[PDB]
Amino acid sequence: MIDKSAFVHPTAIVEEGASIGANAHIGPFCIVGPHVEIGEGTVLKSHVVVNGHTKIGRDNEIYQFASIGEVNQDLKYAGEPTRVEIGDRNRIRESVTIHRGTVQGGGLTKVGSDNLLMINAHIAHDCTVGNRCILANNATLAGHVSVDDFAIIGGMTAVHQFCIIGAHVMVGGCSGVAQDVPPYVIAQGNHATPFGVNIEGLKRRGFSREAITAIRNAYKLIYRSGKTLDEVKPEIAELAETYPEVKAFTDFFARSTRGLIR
């Protein structure tokens, strides 16, 4: 149902079954499918397509020519009723594409809250994007990719299937990310390699001097010590006992399937 306080432009097409929240705005020439839920205060500016089994949160701003919930590009996909979930206060810019999941990948593409998805950013099937992320122009997440909180992905960067971009990571523009990026790391190149800790990001987000030093020490264990990952894991866990910010490494290691960028 369409809330009495929602605005639906006369030229927009909202299919019977769609749920449109209070003070939402469906602009001219938008198409909203029957399995779509659009939350309170969310704005579709104009020329937006939203379809599939798709739930969108509150106070989002979705710009013209975006395609949200659409059939994904996986050749294995066969029309199964998979899903998209998008949180609150996202800015989803012109020509952004966010595709529905595949059964094989878990059935769900998920985006958190307070993200900025810049022009032509692509979120393929089965991706999970956290909160407070930035995907710059033409940033492309291939299928099954995870982008953790606060991560920034530079212009024209592609993240290969199944890779994890850790929390507070900075990926430089025109990069190709072929393996997992630990949290707090600056990554650049094709294939992408590590270039130290994202110190400025940590500063801006209220990390203490002690936390930043500990994170740098963990980085050094992984990349400077000359030891294998299996050797340094307990050392990092040991370090995390004093500085809890370091636990992000541990949690990331447990999820990592493609090995670390080096």
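Numbering starts at 1 and runs along the sequence shown.
S.K.: So 21-29 or 239-247, which one's hotter by mean CA B-factor in the entry?
M.R.: Per the deposited B-factors, the answer is 239-247.
S.K.: Which is higher on mean Cα B factor in this entry, 229-237 or 197-205?
M.R.: Here the higher of the two C-alpha B-factor means belongs to 229-237.
S.K.: Say you rank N120, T102, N190, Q161 by Cα B-factor from the PDB entry; which sits at the top?
M.R.: Result of the comparison over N120, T102, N190, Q161: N190.
S.K.: Based on the entry's values, in what third of the chain does the Cα temperature factor of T97 lie: lowest, middle or highest?
M.R.: Tercile = lowest for this residue's CA B-factor.
S.K.: Among all modelled residues of this chain, ranked by Cα B factor, put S175 in the bottom, middle or top third, i.e. lowest, middle or highest.
M.R.: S175: CA B-factor falls in the highest third of its chain.
S.K.: Taking the C-alpha B-factors as the PDB entry records them, is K220 in the lowest, middle or highest third of its chain?
M.R.: Highest third.
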